[PDB]
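Asks: Here it is, the structure in full.
Residue numbers (our numbering): 2 to 157.
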(Lines of atoms letter the chains of each structure in order from A; the text may use other names.)
(Lines give C-alpha, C1' and ligand atoms only; values in the text may rest on other atoms or scores of the structure.)
Protein backbone atom coordinates (compact mmCIF):
# COMPACT_ATOMS: atom_id res chain seq x y z
CA UNK A 2 0.00 0.00 0.00
CA UNK A 3 2.29 2.74 -1.29
CA UNK A 4 -0.35 5.45 -1.40
CA UNK A 5 0.50 8.79 0.22
CA UNK A 6 -2.41 8.45 2.65
CA UNK A 7 -1.17 5.55 4.63
CA UNK A 8 1.74 7.66 5.74
CA UNK A 9 -0.43 10.29 6.80
CA UNK A 10 -3.17 8.27 7.95
CA UNK A 11 -0.74 6.36 10.02
CA UNK A 12 1.20 9.26 11.13
CA UNK A 13 -1.58 11.28 12.26
CA UNK A 14 -3.40 8.21 13.35
CA UNK A 15 -0.71 7.93 15.89
CA UNK A 16 -1.13 11.24 17.80
CA UNK A 17 -4.80 11.27 16.95
CA UNK A 18 -5.71 7.61 17.67
CA UNK A 19 -3.62 7.60 20.74
CA UNK A 20 -3.91 10.86 22.47
CA UNK A 21 -7.58 11.72 22.64
CA UNK A 22 -7.92 8.23 21.45
CA UNK A 23 -9.91 8.93 18.43
CA UNK A 24 -8.58 7.33 15.28
CA UNK A 25 -7.87 8.32 11.76
CA UNK A 26 -10.15 6.75 9.23
CA UNK A 27 -8.16 8.28 6.45
CA UNK A 28 -6.52 11.38 5.54
CA UNK A 29 -6.38 11.96 1.87
CA UNK A 30 -4.83 14.97 0.68
CA UNK A 31 -5.98 17.27 -1.72
CA UNK A 32 -4.55 19.87 -4.06
CA UNK A 33 -6.05 23.32 -3.95
CA UNK A 34 -4.06 25.67 -6.13
CA UNK A 35 -0.51 25.76 -4.78
CA UNK A 36 -1.26 24.23 -1.37
CA UNK A 37 -1.76 20.69 -0.26
CA UNK A 38 -4.43 20.00 2.16
CA UNK A 39 -4.64 16.87 4.26
CA UNK A 40 -8.26 16.00 4.65
CA UNK A 41 -9.22 13.50 7.31
CA UNK A 42 -12.09 11.40 7.97
CA UNK A 43 -11.67 10.34 11.57
CA UNK A 44 -13.67 7.98 13.71
CA UNK A 45 -14.44 6.88 17.27
CA UNK A 46 -16.74 4.31 18.90
CA UNK A 47 -20.16 5.91 19.34
CA UNK A 48 -19.41 8.78 17.00
CA UNK A 49 -17.60 12.03 17.32
CA UNK A 50 -19.16 15.21 18.11
CA UNK A 51 -17.98 18.53 16.93
CA UNK A 52 -15.86 19.14 19.66
CA UNK A 53 -14.45 15.73 19.47
CA UNK A 54 -13.85 16.61 15.84
CA UNK A 55 -12.28 19.65 17.26
CA UNK A 56 -10.53 17.40 19.68
CA UNK A 57 -9.33 15.38 16.90
CA UNK A 58 -8.60 18.52 15.18
CA UNK A 59 -6.43 19.44 18.06
CA UNK A 60 -4.93 16.20 17.73
CA UNK A 61 -4.62 15.93 14.02
CA UNK A 62 -3.62 19.46 13.83
CA UNK A 63 -1.76 20.33 16.90
CA UNK A 64 -0.69 16.90 17.56
CA UNK A 65 0.40 16.25 14.01
CA UNK A 66 1.99 19.60 14.48
CA UNK A 67 3.70 18.63 17.70
CA UNK A 68 4.65 15.37 16.21
CA UNK A 69 5.42 16.25 12.60
CA UNK A 70 7.46 13.58 10.72
CA UNK A 71 6.97 15.48 7.46
CA UNK A 72 9.66 18.10 6.60
CA UNK A 73 7.21 19.74 4.22
CA UNK A 74 4.31 21.58 5.64
CA UNK A 75 0.71 21.25 4.63
CA UNK A 76 -2.65 22.14 5.82
CA UNK A 77 -4.45 19.81 8.16
CA UNK A 78 -8.16 19.40 7.64
CA UNK A 79 -10.46 17.59 10.06
CA UNK A 80 -13.64 15.80 9.26
CA UNK A 81 -15.54 13.51 11.41
CA UNK A 82 -19.27 12.58 11.27
CA UNK A 83 -21.51 14.15 13.85
CA UNK A 84 -23.95 11.88 15.44
CA UNK A 85 -25.75 10.20 12.62
CA UNK A 86 -27.96 7.64 14.38
CA UNK A 87 -31.38 7.66 12.65
CA UNK A 88 -34.43 8.86 14.55
CA UNK A 89 -36.97 6.20 14.01
CA UNK A 90 -38.21 4.08 16.81
CA UNK A 91 -37.52 4.80 20.46
CA UNK A 92 -34.04 3.37 21.17
CA UNK A 93 -32.33 5.09 18.24
CA UNK A 94 -34.37 8.16 18.61
CA UNK A 95 -33.56 8.28 22.24
CA UNK A 96 -30.06 7.28 21.58
CA UNK A 97 -30.23 10.26 19.30
CA UNK A 98 -31.92 12.48 21.94
CA UNK A 99 -28.89 13.50 23.95
CA UNK A 100 -27.62 15.51 21.00
CA UNK A 101 -29.20 18.23 18.82
CA UNK A 102 -30.96 16.36 15.97
CA UNK A 103 -33.25 17.16 13.05
CA UNK A 104 -36.56 15.77 12.15
CA UNK A 105 -38.77 16.18 9.34
CA UNK A 106 -42.31 16.71 9.31
CA UNK A 107 -44.37 16.39 6.15
CA UNK A 108 -46.97 18.95 6.91
CA UNK A 109 -45.32 22.31 6.41
CA UNK A 110 -43.94 24.36 9.21
CA UNK A 111 -42.69 27.31 7.39
CA UNK A 112 -42.92 24.92 4.53
CA UNK A 113 -40.36 22.59 6.07
CA UNK A 114 -40.16 19.21 7.75
CA UNK A 115 -36.82 19.30 9.42
CA UNK A 116 -35.69 20.90 12.62
CA UNK A 117 -32.52 20.28 14.56
CA UNK A 118 -32.15 20.82 18.19
CA UNK A 119 -31.33 19.17 21.45
CA UNK A 120 -33.58 16.40 22.54
CA UNK A 121 -35.06 17.40 25.79
CA UNK A 122 -37.96 15.00 25.98
CA UNK A 123 -39.30 12.10 24.12
CA UNK A 124 -42.78 11.02 23.75
CA UNK A 125 -44.09 7.99 21.87
CA UNK A 126 -46.05 10.56 19.92
CA UNK A 127 -43.82 13.60 20.19
CA UNK A 128 -40.22 14.71 19.89
CA UNK A 129 -39.07 17.58 21.95
CA UNK A 130 -36.40 19.66 20.45
CA UNK A 131 -34.23 22.24 22.12
CA UNK A 132 -33.35 25.47 20.56
CA UNK A 133 -30.67 27.17 22.53
CA UNK A 134 -30.95 30.85 23.23
CA UNK A 135 -27.63 31.74 24.62
CA UNK A 136 -27.94 29.63 27.71
CA UNK A 137 -31.63 28.89 27.28
CA UNK A 138 -33.29 25.93 25.82
CA UNK A 139 -36.71 25.55 24.32
CA UNK A 140 -38.00 22.21 23.52
CA UNK A 141 -40.20 21.90 20.55
CA UNK A 142 -42.61 19.01 20.28
CA UNK A 143 -42.77 17.32 16.95
CA UNK A 144 -45.87 15.14 16.30
CA UNK A 145 -44.76 11.82 14.87
CA UNK A 146 -47.94 11.70 13.00
CA UNK A 147 -46.42 14.50 10.94
CA UNK A 148 -42.93 13.16 10.80
CA UNK A 149 -41.54 12.61 7.38
CA UNK A 150 -38.02 11.95 8.46
CA UNK A 151 -36.11 11.90 11.69
CA UNK A 152 -32.34 11.72 12.41
CA UNK A 153 -29.35 12.47 14.62
CA UNK A 154 -27.46 15.15 12.78
CA UNK A 155 -24.33 16.75 11.41
CA UNK A 156 -23.02 20.18 11.83
CA UNK A 157 -20.33 18.44 9.97
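Note that beta-carbon positions come from the ideal geometry of N, C-alpha and C, so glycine has one too.
If you draw a straight line from the alpha carbon of residue 147 to that of residue 107, how long is it in whole angstroms?
Replies: The residue labelled residue 147 in the question sits at position 146 within the chain shown. The residue labelled residue 107 in the question sits at position 106 within the chain shown. Approximately 6 angstroms, taken between the alpha carbons.
Asks: Where does residue 73 sit, in a helix, a strand or coil, going by DSSP?
Replies: Here residue 73 refers to the residue found at position 72 when the chain shown is read from its first residue. Reduced to three states, the DSSP call for residue 73 is coil.
Asks: Can you tell me which of the three DSSP states residue 146 falls into?
Replies: Along the chain shown, one-based indexing puts residue 146 at 145. Three-state DSSP puts residue 146 in coil, outside helix and strand.
Asks: Based on the DSSP output, what are the partners of residue 24 in its beta bridges?
Replies: On the chain shown, residue 24 is found 23 positions in, with the first residue counted as 1. Residue 24 is bridged to 44.
Asks: Cutting at 6 angstroms between CB atoms, please list the residues of its own chain near residue 97, excluding the five before and the five after it.
Replies: If you number the chain shown from 1, residue 97 lands on position 96. Once the five neighbours on either side are set aside, the close Cβ partners of residue 97 are 86, 88 and 153.
Asks: Strictly by DSSP, which residues pair up with residue 152?
Replies: Here residue 152 refers to the residue found at position 151 when the chain shown is read from its first residue. For residue 152, which the question treats as bridged, DSSP gives the partners 87 and 103.
Asks: What did DSSP end up calling residue 82 once you bin it into helix, strand or coil?
Replies: Residue numbering aside, residue 82 sits at position 81 when the chain shown is read from its first letter. Of the three classes helix, strand and coil, the one that applies to residue 82 here is coil, per DSSP.
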